[PDB]
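Read the structure below first, then the notes.
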Amino acid sequence: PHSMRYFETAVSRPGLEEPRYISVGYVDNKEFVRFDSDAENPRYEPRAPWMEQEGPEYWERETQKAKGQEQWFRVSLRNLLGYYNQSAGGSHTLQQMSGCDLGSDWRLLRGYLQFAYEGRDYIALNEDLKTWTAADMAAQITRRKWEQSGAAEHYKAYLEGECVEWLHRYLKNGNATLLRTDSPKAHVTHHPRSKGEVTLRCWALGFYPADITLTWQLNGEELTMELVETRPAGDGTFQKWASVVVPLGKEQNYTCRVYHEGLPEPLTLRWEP
Amino acid sequence: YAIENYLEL
Amino acid sequence: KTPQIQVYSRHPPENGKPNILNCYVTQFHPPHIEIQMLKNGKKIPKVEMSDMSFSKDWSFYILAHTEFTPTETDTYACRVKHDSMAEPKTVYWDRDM
Ligand SMILES: [Zn+2]
Ligand SMILES: [Zn+2]
C-alpha cells in the first residue's frame with residue numbers, strides 16, 4: 001500500500017503582507033522533499049539521499065510550483081478573512097493535504113485532497129474525485145465557486161495521473177531505501193506501583209516504519225493496560241511501550257508480544273529477574 | 001511531484 | 001487544541017552515559033509554540049528543534065532535543081507555552097517511561 005502526500009501550510013503574519021508557506025512531500029509517510037518560504041532564497045530541497053538522483057530541471061520545476069502555491073495560499077487566506085468576517089490583526093492558518101494511495105497492482109486505491117482553516121476541516125474532495133464536502137457555511141462559498149469552475153476535474157487529473165506515475169517513479173528510483181525496515185528491539189522492565197502491585201512495561205525501540213502492535217497476555221489471552229503514543233527517537237526510528245499493572249508475584253503469568261513488519265518473527269517476552 | 005492548485009478558496 | 005507532551009531519552013538511560021533527551025510535543029494548534037527544556041530548573045541553552053510538521057488530524061507536532069548525560073539525581077523537564085493554555089505546561093523526565 002504505497003503512498004505519496006504533500007502536506008502544505010500557510011500562516012498569516014499580522015502587519016506583514018506575505019504569510020509563511022511550508023510544503024512537505026512524503027513517500028510512504030517518510031519525508032523526501034521540503035519547501036519553506038522563510039529560507040534565504042527558497043527552493044524545494046531533497047530530504048532523502050535517493051532524491052538527489054533528480055536533476056536541476058526537476059528541482060527548478062518543483063520550486064516554481066511552490067512559488068505558485070505560496071501565492072495561492074496568500075489569496076485564499078485573504079478570501080477566508082472575508083468569509084468569516086475576521087479582523088486583519090490576527091494570525092490565521094490554512095493547511096492542505098493531497099496525494100494518492102497505490103496498490104500492488106499499481107491501481108489508484110484512493111486519491112486525497114483536503115483543506116483546513118484554523119485547524120478545522122474546511123473543504124474536501126470526496127472519494128469519487130468529482131464532488132466536494134464543505135464543512136461549514138463559509139466553505140459553501142468555496143464549494144459553489146469550485147463547482148462553477150470545474151475545479152474537481154483538475155485535481156482528479158493530477159491524482160489519477162501525475163501523482164500515481166511519479167510515485168511509481170520514486171518507488172523505482174528509491175526502492176532499496178524506501179523498502180528498508182528497522183526491527184524493534186524489545187525488553188521488559190519492572191516497576192513498583194503500590195502495595196501488592198507492580199508495573200510491567202514492554203518496550204519496543206529503534207523500529208521503522210512507525211506502525212507496530214504491542215500486546216500483553218495473561219496465560220494466552222489478550223488484555224485491556226497503558227499504551228503510549230508512538231514517538232520519534234530523533235534518529236529516524238520510533239519507540240513505543242505498553243505497560244500493565246499486575247499483582248505481586250504473578251509477573252510470570254504475563255507475556256508481551258511485539259508485531260512489526262521488520263521482524264522475522266513476532267516477539268514474545270517476559271520479565272526476567 | 002507537487003500539486004498545483006486551481007482556483008483559490 | 002491543547003498540546004500533548006512526552007519527555008523521554010533516545011536510548012535506554014545509563015547513568016554517566018551521554019544520551020539525547022527528547023521533548024515530543026503534539027496535538028496543538030495554531031503552530032506557534034514555545035518549548036524550553038530545563039535541567040534542575042535551569043534553562044538548557046543548546047536545544048535543537050525539528051522542522052514544523054502536522055499530522056492527518058491537522059494538528060501540529062515538533063521534536064525538541066538536547067544532549068544530556070543522565071545521573072542518579074539530575075532532574076530534567078520540558079516546559080511548553082501555547083495560546084491554548086493559561087499556564088505553561090511542564091512535564092518532567094521519568095526514566096521508567
Ligand atoms: Zn512465525
Ligand atoms: Zn545516540
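Below, read A as the first sequence line, B as the second, and so on, with proteins coming before strands; counting in each chain starts at 1.
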> Where does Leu63(C) contact chain A at under 4.5 Å (heavy atoms): side chain, backbone, both or neither?
Replying inline: side chain
> So what's closer than 4.5 Å to chain C heavy atoms on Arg47(A): side chain, backbone, both or neither?
Replying inline: side chain
> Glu118(A), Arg34(A), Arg5(A), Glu31(A): which one forms the most heavy-atom pairs within less than 4.5 Å of chain C?
Replying inline: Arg34(A)
> Do any of residues 228-238 of chain A come closer than 4.5 Å to chain C, heavy atom to heavy atom, and if so which ones, in number order?
Replying inline: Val228(A), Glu229(A), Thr230(A), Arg231(A), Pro232(A), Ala233(A), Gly234(A), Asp235(A)
> Do other residues, nucleotides or ligands put more than 12 heavy atoms under 6.0 Å from the NZ atom of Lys185(A)?
Replying inline: yes
> What residues of residues 42-54 of chain C sit under 4.5 Å from chain A when you count only heavy atoms?
Replying inline: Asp51(C), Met52(C), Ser53(C), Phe54(C)
>> Quick test of your reading: applying disulfide (SG to SG under 2.5 Å), list the pairs with at least one residue in residues 13-97 of chain C, sequence neighbours left out, ordered by first then second residue.
In response: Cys23(C)-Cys78(C)
> For chain A, which residues from residues 84-97 of chain C have at least one heavy atom closer than 4.5 Å to it?
Replying inline: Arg95(C), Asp96(C), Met97(C)
> Can you name the nearest heavy-atom pair linking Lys56(C) to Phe7(A), along with the distance?
Replying inline: N-CE2, 4.3 Å
> What part of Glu226(A) is in contact with chain C, defined as an atom under 4.5 angstrom from a non-hydrogen atom: side chain, backbone, both or neither?
Replying inline: side chain
>> Heavy-atom cut-off 4.5 Å, strictly under: side chain, backbone, both or neither for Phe115(A) against chain C?
In response: backbone
>> Do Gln239(A) and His11(C) pair up side chain to side chain, a donor and an acceptor below 3.5 Å, judged on atom types alone?
In response: no
